[PDB]
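[1] In the first instance, please consider these chains from the complex; the rest will follow:
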Amino acid sequence: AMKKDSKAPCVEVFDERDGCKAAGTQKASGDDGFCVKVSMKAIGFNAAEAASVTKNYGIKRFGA
Amino acid sequence: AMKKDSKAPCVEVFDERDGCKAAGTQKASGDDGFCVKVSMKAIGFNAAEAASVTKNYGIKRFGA
Amino acid sequence: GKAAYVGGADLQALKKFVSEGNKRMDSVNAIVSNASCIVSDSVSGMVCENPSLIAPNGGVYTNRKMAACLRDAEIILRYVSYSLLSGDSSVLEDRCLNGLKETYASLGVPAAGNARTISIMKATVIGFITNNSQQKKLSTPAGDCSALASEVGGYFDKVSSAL
């Protein structure tokens, strides 16, 4: 059931085939540069983005 | 001197005069709804944004 | 209750188990890498087609109500992004939609507003996956991602129908 906890699956997709590596981020084993990370996190309120939409909803963007 | 540690002052500005308050955020004394927060944070590398600019630099956005 | 990290042979099996694995990872990446603009453009579109939503005591009048709505749009988008990663809607159905229609009837979250936000999110995601997005294109090998655009379209439709 929908728990009213604001939690959703946050997916991150990594393609590090250029060889560049950040200290501390090797959490899994592989030899191809690919990784997918999934976690459940609470999605938070963003007053700054709320403010921006409230002010700017009437402007068409992105060629949309 | 510039310390080569990527740390910069991250300023946050808060205007909560509508009275909406978040549990666990009264970090200073005041009830007029204004606050400024400053912390020093290492600014991180963003490969996703790097990839996007590499692909999309030639598109004029935002009616620039 | 912890982060799952899938790489190596674990990920190679996942990508064989789902159809069109490599294009599917790119499709997921497009949704999550653009999550903020997808959400903001869709909720903005809700309002500009029906601006009484932001009139006094309207559905997203005041920053708290607008913030709650942007949050919900993101929650829904991310359950859709996970359905596309895994290729089934079990988790979307059971943990996002199940009981959501009834929640929104009590709180006064209007159905016609939600349906427009969802349709715009679907249209925006399909535009990225098909490189019909105009301000940003995906950085992928060129090809046909129409099947995957259709499939993600069905996940969004499941949300629409549920509401």
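    Great, that's in hand. Residues are numbered from 1 along each chain as shown, chains lettered A, B, ... in the order given.

[2] Enumerate the residues of chain C near chain B.
    C:33, C:62, C:63, C:64, C:134, C:135, C:136, C:137, C:138, C:139 (C-beta under 8 Å from any C-beta of the partner chain). C-beta here means a position set from N, CA and C on the backbone, and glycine is covered the same way.

[3] where do the strands sit along chain A?
    A:7-15, A:34-42 (DSSP state E).

[4] how far does the first one sit from the chain's center?
    Read it as strand A:7-15. 6 Å (C-alpha atoms, centre = their mean, to the nearest Å).

[5] Give me the helices and strands touching it, please.
    For strand A:7-15, the elements it packs on are strand A:34-42, helix C:21-33, helix C:63-86, judged by 3 or more C-beta pairs under 8 Å, 6 or more residues apart in numbering or on different chains; DSSP states H and E.

[6] Quick one: closest of those to residue C:43.
    Closest approach to residue C:43 among the helices and strands packed on strand A:7-15 is made by helix C:63-86 (5.6 Å; C-beta to C-beta).

[7] tell me the SS of the residue lying closest to residue A:62 once chain neighbours are set aside?
    Excluding its sequence neighbours, the residue lying closest to residue A:62 (C-beta to C-beta, 6 or more residues apart in numbering or on different chains) is residue C:135, at 4.1 Å. State at residue C:135, reduced to three classes by DSSP: H, G, I helix; E, B strand; the rest coil: coil.

[8] For chain B, what's its nearest residue on chain C.
    residue C:139 (4.1 Å; C-beta to the nearest C-beta).

[9] What's the separation between that residue and residue C:18?
    21 Å (C-beta to C-beta, to the nearest Å).

[10] Any chance of the strands of chain A in TSV with mean neighbour count as columns?
    Putting these into TSV (neighbours: other C-beta atoms under 10 Å in any protein chain shown) gives the following:
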stretch	mean neighbour count
strand A:7-15	20
strand A:34-42	16
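
[11] From the centre of chain A, point out the most distant residue.
    Relative to the centre of chain A, the most outlying C-alpha is that of residue A:58, 26.2 Å out, by C-alpha atoms, centre = their mean.

[12] can you give me the strands in chain C?
    C:4-7.

[13] Now for the residue nearest the centre of it: which residues touch it?
    Chain C has residue C:77 as the residue nearest its centroid, 2.5 Å off, counting by C-alpha atoms, centre = their mean. Contact analysis of residue C:77 by C-beta atoms under 8 Å, 6 or more residues apart in numbering or on different chains lists C:31, C:35, C:38, C:39, C:121, C:125.

[14] Could you pick out which of the residues you listed are located in helices?
    If you go by DSSP state H, the contacts of residue C:77 have C:31, C:35, C:38, C:39, C:121, C:125 in helices.

[15] wait, doesn't the last one sit right on residue C:154?
    When you say that, I think you mean residue C:125. No: judged on C-beta atoms under 8 Å, residue C:125 makes no contact with residue C:154 at a distance of 12.0 Å.

[16] Can you report how many residues neighbour the closest residue in space to residue A:53 that isn't next to it in sequence?
    Excluding its sequence neighbours, the residue lying closest to residue A:53 (C-beta to C-beta, 6+ apart) is residue C:44, at 5.4 Å. By other C-beta atoms under 10 Å in any protein chain shown, 23 other residues sit near residue C:44.

[17] show me the contacts for residue C:44.
    A:53, A:56, A:57, A:61.

[18] one more, chain D:
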Amino acid sequence: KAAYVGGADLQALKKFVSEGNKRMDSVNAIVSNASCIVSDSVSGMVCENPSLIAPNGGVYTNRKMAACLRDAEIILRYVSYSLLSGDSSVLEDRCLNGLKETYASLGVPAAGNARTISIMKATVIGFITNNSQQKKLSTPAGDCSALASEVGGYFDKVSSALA
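    That brings us to chain D, laid onto the chains above:
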């Protein structure tokens, strides 16, 4: 760690710097749009000189591009802190002191830095003077010409230090 300035603490601060209320809106405009400011300025650098991303150009490969985007944000944030405090002593000491010499070592091209800085400057001033075309600031309407001149001067400080 974090310092928090509000109430009487903040009320006196808005008193020792000019146009306290417009000033705080101006800072909020920089930090709330930091990502788009940085990405539009580095992108314009490259579209004006696309050899910067050709093989072994200054922002060729994601690492070099990511490092440049990072530096543009670092510089943008030290400028936002200058506008908050009404002086540039922290920018000068912690950001600019030693930076031209570090860049000439690493070969970070001065021409490109100079253009990133000019676009970030034009972008910030555009927001503060209501010349941004996609998004406007959520503020009372009025003239912020003086504060645009001041933040312009801090950007000019960076350009001269790195020229």
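
[19] Next one: the residue nearest to the centre of chain C relative to residue D:98, how far apart?
    Distance, residue C:77 to residue D:98, using C-beta to C-beta: 44 Å.

[20] now residue C:116
    53 Å.

[21] Among these two, which residue is more densely surrounded?
    Neighbour count, other C-beta under 10 Å: between residue C:116 and residue D:98, residue C:116 has more, with 19 against 15.

[22] isn't residue A:22 right up against residue B:45?
    Yes: between residue A:22 and residue B:45 there is a contact under C-beta under 8 Å: 7.2 Å.

[23] For the two, indicate the residue with more neighbours.
    Using other C-beta under 10 Å, the more surrounded residue of residue A:22 and residue B:45 is residue B:45, with 16 against 10.

[24] quick one: the more buried one from chain D, how far?
    Here residue B:45 is placed at a distance of 4 Å from chain D (C-beta to the nearest C-beta, to the nearest Å).

[25] same thing with residue C:78?
    Per C-beta to the nearest C-beta, residue C:78 is found 20 Å from chain D.

[26] Quick check, that residue in contact with residue A:43.
    Yes: assessed by C-beta under 8 Å, residue C:78 is found in contact with residue A:43 at 7.4 Å.

[27] of those two, who's got more company?
    residue C:78 (24 against 21).

[28] The more buried one - nearest residue in space that isn't next to it in sequence?
    Counting by C-beta to C-beta, 6+ apart, the residue nearest residue C:78 is residue A:8, at 4.1 Å.

[29] Tell me if I'm right that the one you found and residue A:41 touch.
    Yes: taking contacts as C-beta under 8 Å, residue A:8 lies within contact range of residue A:41: 7.0 Å.

[30] Quick check: the closest residue to chain A within chain C vs residue A:60, distance?
    As assessed by C-beta to the nearest C-beta, chain A sits closest to residue C:134 within chain C, at 2.9 Å. Distance, residue C:134 to residue A:60, by C-beta to C-beta: 11 Å.

[31] what do residue A:8 and residue A:41 both touch?
    Taking C-beta under 8 Å, 6+ apart as the contact rule, residue A:8 and residue A:41 touch no residue in common.

[32] Near chain B, which residues of chain A are found?
    Residues of chain A lying near chain B (C-beta under 8 Å from any C-beta): A:16, A:20, A:22, A:45, A:47, A:61, A:62.

[33] Quick check on these: which are buried?
    Buried members of the residues of chain A next to chain B, counted by 16 or more other C-beta atoms under 10 Å in any protein chain shown: A:16, A:45, A:47, A:61, A:62.

[34] Farthest-apart pair in the residues you listed, please.
    A:16 and A:47 (34.4 Å).

[35] Residue C:148 reaches residue C:85, doesn't it?
    No: counting by C-beta under 8 Å, residue C:85 is not a contact partner of residue C:148; they are 11.3 Å apart.

[36] Would you pull up the residue in chain C closest to chain D?
    For chain C, C-beta to the nearest C-beta, closest residue to chain D: residue C:36, 9.1 Å.

[37] now that residue, nearest residue through space, not along the chain?
    residue A:49 (7.3 Å).

[38] if I look at the one you found, how far off is residue D:111?
    Residue A:49 is 35 Å from residue D:111, by C-beta to C-beta.

[39] Could you do residue C:44 as well?
    In terms of C-beta to C-beta, residue C:44 sits 38 Å off from residue D:111.
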